[PDB]
Structures are given as C-alpha cells and as structure tokens.
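Everything below belongs to work06.csv, which stores CSV, C-alpha atoms and all ligand atoms.
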```
chain,number,residue,atom,x,y,z
A,19,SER,CA,-27.1,17.4,-15.9
A,20,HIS,CA,-28.5,14.1,-14.9
A,21,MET,CA,-25.2,12.3,-15.4
A,22,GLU,CA,-23.4,14.8,-13.2
A,23,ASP,CA,-26.0,14.3,-10.4
A,24,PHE,CA,-25.6,10.6,-10.7
A,25,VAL,CA,-21.8,10.7,-10.7
A,26,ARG,CA,-21.8,12.9,-7.6
A,27,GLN,CA,-24.3,10.5,-5.8
A,28,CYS,CA,-22.5,7.4,-7.1
A,29,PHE,CA,-18.9,7.9,-6.2
A,30,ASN,CA,-17.5,9.1,-3.0
A,31,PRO,CA,-16.7,12.9,-2.7
A,32,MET,CA,-13.0,12.5,-2.6
A,33,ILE,CA,-13.0,10.7,-5.9
A,34,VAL,CA,-15.4,13.3,-7.4
A,35,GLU,CA,-13.1,16.1,-6.2
A,36,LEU,CA,-9.9,14.6,-7.8
A,37,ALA,CA,-11.8,14.2,-11.1
A,38,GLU,CA,-13.0,17.8,-10.9
A,39,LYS,CA,-9.5,19.0,-10.2
A,40,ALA,CA,-8.0,16.9,-13.0
A,41,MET,CA,-10.6,18.0,-15.5
A,42,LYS,CA,-10.4,21.8,-14.9
A,43,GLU,CA,-6.6,21.4,-14.8
A,44,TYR,CA,-7.0,20.5,-18.5
A,45,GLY,CA,-9.6,23.1,-19.3
A,46,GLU,CA,-12.7,20.8,-19.2
A,47,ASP,CA,-15.8,21.4,-17.1
A,48,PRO,CA,-17.5,18.4,-15.4
A,49,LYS,CA,-20.9,20.1,-15.8
A,50,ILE,CA,-20.7,20.0,-19.6
A,51,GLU,CA,-18.5,17.0,-20.4
A,52,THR,CA,-20.4,14.8,-18.0
A,53,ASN,CA,-19.5,11.6,-19.8
A,54,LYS,CA,-15.8,12.2,-19.4
A,55,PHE,CA,-16.6,13.2,-15.8
A,56,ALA,CA,-18.1,9.7,-15.2
A,57,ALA,CA,-15.1,8.1,-16.9
A,58,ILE,CA,-12.5,9.9,-14.8
A,59,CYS,CA,-14.3,9.0,-11.6
A,60,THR,CA,-14.5,5.3,-12.7
A,61,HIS,CA,-10.9,5.2,-13.7
A,62,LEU,CA,-9.9,6.9,-10.4
A,63,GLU,CA,-11.8,4.5,-8.2
A,64,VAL,CA,-10.4,1.5,-10.1
A,65,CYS,CA,-6.8,2.8,-9.6
A,66,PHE,CA,-7.4,3.2,-5.8
A,67,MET,CA,-9.1,-0.2,-5.4
A,68,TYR,CA,-6.1,-1.5,-7.5
A,69,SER,CA,-3.6,0.2,-5.2
A,70,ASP,CA,-5.5,-1.2,-2.2
A,71,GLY,CA,-4.9,-4.6,-3.7
A,72,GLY,CA,-1.8,-6.6,-2.7
A,73,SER,CA,0.4,-5.8,0.3
A,74,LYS,CA,1.1,-2.7,2.3
A,75,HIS,CA,2.7,0.4,0.7
A,76,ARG,CA,3.2,-1.7,-2.4
A,77,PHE,CA,2.0,0.7,-5.1
A,78,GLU,CA,3.1,4.3,-5.5
A,79,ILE,CA,-0.1,5.9,-6.9
A,80,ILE,CA,0.7,8.3,-9.8
A,81,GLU,CA,-2.8,9.0,-10.9
A,82,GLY,CA,-4.8,11.6,-9.0
A,83,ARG,CA,-1.9,13.9,-8.3
A,84,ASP,CA,-1.3,17.1,-10.3
A,85,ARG,CA,0.9,16.8,-13.3
A,86,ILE,CA,4.1,18.3,-11.9
A,87,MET,CA,4.0,16.4,-8.6
A,88,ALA,CA,3.1,13.2,-10.5
A,89,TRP,CA,6.2,13.6,-12.7
A,90,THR,CA,8.2,14.5,-9.7
A,91,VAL,CA,7.4,11.1,-8.1
A,92,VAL,CA,8.1,9.4,-11.4
A,93,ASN,CA,11.5,11.0,-11.8
A,94,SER,CA,12.3,9.9,-8.3
A,95,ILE,CA,11.2,6.3,-8.9
A,96,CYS,CA,13.2,6.3,-12.1
A,97,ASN,CA,16.4,7.7,-10.5
A,98,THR,CA,15.8,5.4,-7.5
A,99,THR,CA,15.4,2.1,-9.3
A,100,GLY,CA,17.0,2.8,-12.7
A,101,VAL,CA,14.0,2.1,-14.9
A,102,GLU,CA,13.4,4.0,-18.1
A,103,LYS,CA,11.4,7.2,-18.0
A,104,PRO,CA,8.1,6.6,-19.7
A,105,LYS,CA,6.8,9.0,-22.3
A,106,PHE,CA,3.3,9.2,-20.8
A,107,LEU,CA,2.2,9.5,-17.2
A,108,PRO,CA,1.3,6.0,-15.8
A,109,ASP,CA,-1.2,5.3,-13.0
A,110,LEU,CA,0.8,3.2,-10.6
A,111,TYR,CA,4.3,1.8,-9.9
A,112,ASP,CA,4.7,-1.7,-8.6
A,113,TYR,CA,7.6,-1.9,-6.1
A,114,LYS,CA,7.2,-5.7,-5.9
A,115,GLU,CA,7.6,-6.2,-9.7
A,116,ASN,CA,9.5,-3.0,-10.5
A,117,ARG,CA,7.3,-1.6,-13.3
A,118,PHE,CA,5.0,1.2,-14.0
A,119,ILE,CA,1.3,0.3,-14.6
A,120,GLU,CA,-1.2,1.9,-17.0
A,121,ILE,CA,-4.8,1.2,-15.9
A,122,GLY,CA,-7.5,1.4,-18.4
A,123,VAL,CA,-11.3,1.2,-18.1
A,124,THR,CA,-13.0,0.8,-21.5
A,125,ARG,CA,-16.4,0.3,-23.1
A,126,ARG,CA,-15.1,-1.7,-26.0
A,127,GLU,CA,-13.3,-5.1,-26.4
A,128,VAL,CA,-10.4,-5.5,-24.1
A,129,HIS,CA,-8.3,-6.4,-27.2
A,130,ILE,CA,-9.0,-3.2,-29.0
A,131,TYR,CA,-8.4,-0.9,-26.1
A,132,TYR,CA,-5.3,-2.9,-25.1
A,133,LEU,CA,-4.0,-2.5,-28.7
A,134,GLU,CA,-4.5,1.3,-28.7
A,135,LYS,CA,-2.7,1.7,-25.3
A,136,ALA,CA,0.1,-0.7,-26.1
A,137,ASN,CA,1.0,1.1,-29.4
A,138,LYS,CA,0.7,4.6,-27.9
A,139,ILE,CA,3.0,3.8,-25.0
A,140,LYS,CA,5.8,2.2,-27.1
A,141,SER,CA,8.0,2.0,-24.0
A,142,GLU,CA,7.9,-1.8,-23.7
A,143,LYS,CA,8.7,-1.7,-20.0
A,144,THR,CA,5.4,-0.1,-18.8
A,145,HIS,CA,2.9,-2.8,-17.8
A,146,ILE,CA,-0.6,-2.5,-19.1
A,147,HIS,CA,-3.8,-3.8,-17.5
A,148,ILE,CA,-7.3,-3.2,-19.0
A,149,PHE,CA,-10.7,-3.6,-17.4
A,150,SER,CA,-14.1,-3.5,-19.1
A,151,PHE,CA,-17.7,-2.8,-17.8
A,152,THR,CA,-18.6,-6.4,-18.4
A,153,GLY,CA,-16.1,-8.3,-16.3
A,154,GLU,CA,-13.4,-8.8,-18.9
A,155,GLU,CA,-9.7,-8.1,-18.3
A,156,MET,CA,-6.5,-8.2,-20.3
A,157,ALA,CA,-3.0,-7.7,-19.0
A,158,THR,CA,0.6,-7.7,-20.3
A,159,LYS,CA,2.2,-11.1,-20.5
A,160,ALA,CA,-1.0,-12.5,-19.0
A,161,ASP,CA,0.5,-11.2,-15.7
A,162,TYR,CA,-2.4,-9.7,-13.8
A,163,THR,CA,-0.2,-8.4,-10.9
A,164,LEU,CA,-2.9,-8.8,-8.2
A,165,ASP,CA,-4.8,-11.8,-6.9
A,166,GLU,CA,-8.0,-12.9,-8.4
A,167,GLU,CA,-10.2,-11.8,-5.5
A,168,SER,CA,-9.0,-8.1,-5.8
A,169,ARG,CA,-9.5,-8.1,-9.6
A,170,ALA,CA,-13.0,-9.6,-9.2
A,171,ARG,CA,-14.1,-6.8,-7.0
A,172,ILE,CA,-13.1,-4.2,-9.6
A,173,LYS,CA,-15.0,-6.1,-12.3
A,174,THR,CA,-18.0,-6.4,-10.0
A,175,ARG,CA,-17.8,-2.7,-9.1
A,176,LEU,CA,-17.6,-1.7,-12.8
A,177,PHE,CA,-20.7,-3.8,-13.6
A,178,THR,CA,-22.6,-2.2,-10.7
A,179,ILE,CA,-21.8,1.2,-12.1
A,180,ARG,CA,-23.1,0.1,-15.5
A,181,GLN,CA,-26.4,-1.0,-14.1
A,182,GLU,CA,-26.9,2.2,-12.2
A,183,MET,CA,-26.3,4.3,-15.4
A,184,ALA,CA,-28.7,2.1,-17.4
A,185,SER,CA,-31.5,2.4,-14.8
A,186,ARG,CA,-31.2,6.2,-15.4
A,187,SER,CA,-31.0,5.5,-19.2
A,188,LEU,CA,-27.5,7.0,-19.2
A,189,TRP,CA,-25.5,3.8,-20.1
A,190,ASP,CA,-26.2,3.9,-23.8
A,191,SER,CA,-25.0,7.4,-24.3
A,192,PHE,CA,-22.0,6.7,-22.1
A,193,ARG,CA,-20.7,3.8,-24.1
A,194,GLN,CA,-21.4,5.7,-27.3
A,195,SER,CA,-19.1,8.4,-26.0
A,196,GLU,CA,-15.7,6.8,-25.3
A,201,LIG,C1,-10.7,6.2,4.8
A,201,LIG,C2,-10.9,5.5,3.4
A,201,LIG,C3,-10.3,6.5,2.3
A,201,LIG,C4,-9.5,5.7,1.3
A,201,LIG,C5,-8.7,6.7,0.4
A,201,LIG,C6,-7.7,6.1,-0.6
A,201,LIG,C7,-7.3,7.1,-1.7
A,201,LIG,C8,-6.1,7.9,-1.4
A,201,LIG,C9,-6.5,9.4,-1.6
A,201,LIG,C10,-5.4,10.5,-2.0
A,201,LIG,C11,-4.6,11.0,-0.8
A,201,LIG,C12,-5.2,12.3,-0.3
A,201,LIG,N1,-4.4,13.4,-0.6
A,201,LIG,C13,-4.8,14.7,-1.1
A,201,LIG,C14,-3.6,15.3,-1.7
A,201,LIG,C15,-2.4,14.8,-0.9
A,201,LIG,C16,-2.9,13.5,-0.4
A,201,LIG,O1,-2.2,12.6,0.0
A,201,LIG,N2,-4.5,10.1,-3.1
A,201,LIG,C17,-4.5,10.7,-4.4
A,201,LIG,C18,-3.1,10.5,-5.0
A,201,LIG,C19,-2.6,9.3,-4.3
A,201,LIG,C20,-3.3,9.2,-3.0
A,201,LIG,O2,-3.0,8.6,-2.1
A,201,LIG,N3,-5.5,7.7,-0.1
A,201,LIG,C21,-5.7,8.4,1.1
A,201,LIG,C22,-5.1,7.6,2.2
A,201,LIG,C23,-4.0,6.7,1.6
A,201,LIG,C24,-4.5,6.7,0.1
A,201,LIG,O3,-4.0,5.9,-0.7
A,201,LIG,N4,-8.2,4.8,-1.1
A,201,LIG,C25,-7.4,3.6,-1.2
A,201,LIG,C26,-8.4,2.4,-1.5
A,201,LIG,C27,-9.5,3.1,-2.2
A,201,LIG,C28,-9.5,4.5,-1.7
A,201,LIG,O4,-10.4,5.3,-1.8
A,201,LIG,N5,-8.6,4.7,2.0
A,201,LIG,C29,-7.4,5.0,2.7
A,201,LIG,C30,-6.6,3.7,2.9
A,201,LIG,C31,-7.7,2.6,2.7
A,201,LIG,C32,-8.8,3.3,1.9
A,201,LIG,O5,-9.7,2.7,1.4
A,201,LIG,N6,-12.3,5.3,3.2
A,201,LIG,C33,-13.4,5.7,4.1
A,201,LIG,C34,-14.6,4.8,3.7
A,201,LIG,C35,-14.4,4.5,2.2
A,201,LIG,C36,-12.9,4.5,2.1
A,201,LIG,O6,-12.3,4.0,1.2
A,202,LIG,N1,-7.7,15.3,-20.3
A,202,LIG,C1,-7.1,14.7,-19.1
A,202,LIG,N2,-7.8,14.6,-18.0
A,202,LIG,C2,-7.3,14.0,-16.9
A,202,LIG,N3,-6.0,13.6,-16.9
A,202,LIG,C3,-5.3,13.7,-18.1
A,202,LIG,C4,-5.8,14.3,-19.2
A,202,LIG,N4,-4.8,14.3,-20.3
A,202,LIG,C5,-3.8,13.7,-19.6
A,202,LIG,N5,-4.1,13.4,-18.4
A,202,LIG,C6,-3.1,12.8,-17.5
A,202,LIG,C7,-2.4,11.6,-18.2
A,202,LIG,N6,-3.3,10.7,-18.8
A,202,LIG,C8,-3.7,9.5,-18.1
A,202,LIG,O1,-3.3,9.3,-17.0
A,202,LIG,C9,-4.6,8.5,-18.8
A,202,LIG,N7,-5.0,8.8,-20.1
A,202,LIG,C10,-5.9,8.0,-20.8
A,202,LIG,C11,-6.3,8.4,-22.2
A,202,LIG,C12,-5.2,8.0,-23.2
A,202,LIG,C13,-4.7,9.3,-23.8
A,202,LIG,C14,-5.4,10.4,-23.0
A,202,LIG,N8,-6.5,9.8,-22.2
A,202,LIG,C15,-7.5,10.6,-21.5
A,202,LIG,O2,-7.3,11.8,-21.3
A,202,LIG,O3,-8.7,10.1,-21.0
A,202,LIG,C16,-8.7,9.0,-20.1
A,202,LIG,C17,-8.6,9.4,-18.7
A,202,LIG,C18,-9.5,9.0,-17.8
A,202,LIG,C19,-9.4,9.3,-16.3
A,202,LIG,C20,-8.4,10.0,-15.9
A,202,LIG,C21,-7.3,10.5,-16.9
A,202,LIG,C22,-7.4,10.2,-18.1
A,202,LIG,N9,-6.4,6.8,-20.2
A,202,LIG,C23,-6.0,6.5,-18.9
A,202,LIG,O4,-6.5,5.3,-18.3
A,202,LIG,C24,-5.1,7.3,-18.2
A,202,LIG,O5,-4.7,7.0,-16.9
A,203,MN,MN,-3.6,8.2,-15.6
A,204,MN,MN,-5.0,4.9,-16.9
```
Target encoding structure tokens, full file:
Amino acid sequence: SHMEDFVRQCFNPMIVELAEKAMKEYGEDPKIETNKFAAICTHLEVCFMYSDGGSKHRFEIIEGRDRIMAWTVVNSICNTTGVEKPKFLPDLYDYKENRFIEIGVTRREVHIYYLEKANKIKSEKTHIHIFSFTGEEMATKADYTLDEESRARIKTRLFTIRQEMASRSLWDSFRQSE
C-alpha cells in the first residue's frame, strides 16, 4: 500500500522493525492494517524520544520489547521498588518519580483520549501522558514529567508526520481510522 511505503520511508528502520514484530506478534499484518502500522510507529518513536528526554538511564523502556520480557522487567521494577503491579502493560517507568507511564498518541481531543485511558487503567498509580497530532498535550496532575523543550520536539515531530501524510492524501483516512 501507499501508507506502508510512506511509513517505511518516514520512520527509521529500527522503529519500523519493532512495529512489525509487535503487530505480527498479535496476528496483524502491517501490509494490510497500514493505518495501525503508522500508529504503532508513531507511538514507538514518541516513547523513544520521551525516554531520551530527561537525564541518563532515567526511564526503563517497557514498550518495544516482547510481551513476556516486558512483563519480566515490570515484575522486577515492582519487586524492586514496591509499587503496585499494573493491570496493563505501560510504556515507561520513571526512576526519578517512581511511577509507570502510559504514553498515548491520539487523533482526537486530548480530553477524550485521556478519559478513555484513565478509566481503562483504573490503577491510580500509573501516570498518563497524552499527545495529539496538533501540538496539544494532557498529563496526570498537570505533571508533565519532562521539560518543555523535550515535549515541544515530540509535538513538532507529530505535526511533521501529519503534514507528510496529508501531502500524500493519507491523513484524512488515518484520523478516520483510530
Ligand atoms: C544510534 C541512535 C539510535 C537510538 C536508539 C534508541 C532506541 C532503543 C532501541 C531498542 C534497543 C535495541 N534492542 C533490540 C532488542 C534488544 C535491545 O536492546 N529498544 C527497544 C526496547 C527498549 C530499547 O532500548 N535504544 C537503543 C540504544 C539505547 C536505546 O534506548 N532511541 C532513543 C532515542 C530515540 C531512539 O531511537 N539512540 C540510542 C541512544 C540515543 C538514541 O537516539 N540513532 C542513530 C541516528 C538516529 C538515532 O536515534
Ligand atoms: N494489538 C497490539 N499491538 C501492539 N502492542 C499491543 C497490542 N495489544 C497490546 N499491546 C501491548 C500493550 N498495549 C500498549 O502498550 C498500548 N495500547 C494502547 C491501546 C489501548 C488498548 C490497546 N491499544 C492498542 O493496541 O493500540 C495502540 C498501540 C499503539 C502502538 C503500540 C501498541 C499499542 N495504546 C497505547 O499507547 C499503548 O502503549
Ligand atoms: Mn505500550
Ligand atoms: Mn502507550
């Protein structure tokens, strides 16, 4: 598909590979479900830019690993620090703030997607941070974890991705797909 060719020429190959591994691990093929292929690559790159944000070895990346290794690291963090075991796999863990983080990249209002995630988690301790393709963000307790400059790069990157899809007339079908 055209979306697949764009995703592959838009994101770096390591990111594309982790999304491919993660989709086939859950029975989905990137060549058919090309919109979900785009969304996993975006979500992946955001998590890695996020993890790059802040100090050194600050975030233990949970997303991008296979399920059983990801839960292995979560169980170790839980028995290490003593925090509650979340019901759903998060994306990061903040060693500085001592909390798991769920990262979301949406095509709706940050309030709606935050509400969906906050009610589905129902763990209270897991921190939530939502980005949108228009530069908007919402985070638990208005605590945005990272500095402004790091968050602004993610927002800028998201909007750069949005324009690239639109130039290829793919942005409309992509938002009408989440
Ligand atoms: C050189 C640099 C590359 C990026 C790479 C890094 C992503 C992340 C990748 C993998 C680790 C790889 N695997 C495979 C299985 C076992 C395993 O461990 N996974 C997935 C699960 C968690 C994790 O770690 N990695 C690799 C090194 C450390 C790291 O976090 N990051 C982080 C920022 C955005 C990004 O892409 N790095 C490395 C550090 C700085 C940086 O940017 N380049 C080249 C030019 C463009 C670019 O970014
Ligand atoms: N089909 C599966 N493909 C890969 N990974 C999958 C997967 N099912 C489960 N996981 C791993 C655990 N879920 C997440 O980590 C996660 N989930 C969600 C939502 C909410 C409910 C399911 N979901 C979803 O699957 O699409 C989003 C998505 C996007 C990119 C990468 C993964 C997932 N939004 C997250 O921001 C997020 O990080
Ligand atoms: Mn995840
Ligand atoms: Mn997430």
Find the residues around residue A:178 up to 12 Å (all atoms listed in the file counted), leave out those fewer than 5 positions away in its own chain, and share them as a list in words.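 So, after excluding close chain neighbours, the residues are residues 28, 29, 60, 151, 152, 153, 171, 172, 173, 183, 184, 185 and 189 of chain A.
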For the selection you just gave me, I'd like the residues written to a file as a compact mmCIF listing (two decimals), keeping the file's coordinate frame, keeping C-alpha atoms.
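In the end it all went to result32.txt:
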```txt
# COMPACT_ATOMS: atom_id res chain seq x y z
CA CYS A 28 -22.50 7.40 -7.10
CA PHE A 29 -18.90 7.90 -6.20
CA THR A 60 -14.50 5.30 -12.70
CA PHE A 151 -17.70 -2.80 -17.80
CA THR A 152 -18.60 -6.40 -18.40
CA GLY A 153 -16.10 -8.30 -16.30
CA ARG A 171 -14.10 -6.80 -7.00
CA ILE A 172 -13.10 -4.20 -9.60
CA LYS A 173 -15.00 -6.10 -12.30
CA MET A 183 -26.30 4.30 -15.40
CA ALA A 184 -28.70 2.10 -17.40
CA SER A 185 -31.50 2.40 -14.80
CA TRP A 189 -25.50 3.80 -20.10
```
I'd like the contact shell of stretch 68-82 of chain A - 10 Å cut-off, all atoms listed in the file, skipping same-chain residues fewer than 5 positions apart - returned as a ChimeraX atom specification. /A:33,35-37,39-40,58,61-63,87-92,95,107-116,118-121,163-165,167-169,171-172
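Residues within 8 Å of residue A:124, counting all atoms listed in the file and excluding same-chain residues fewer than 3 positions away, are residues 127, 128, 131, 148, 149, 150, 151 and 196 of chain A.
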So, with all atoms listed in the file as the atoms that count, which of A:191, A:41, A:96, A:32 lies closest to residue A:66? A:32
Rank A:50, A:123, A:156, A:101 by their smallest atom-to-atom distance to residue A:142, using only C-alpha atoms, and report the top residue only. A:101
Closest of A:138, A:129, A:83, A:20 to ligand LIG 201 (chain A) - atom-to-atom distances counting all atoms listed in the file: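 Checking each of A:138, A:129, A:83, A:20 against ligand LIG 201 (chain A), counting all atoms listed in the file, the winner is A:83.
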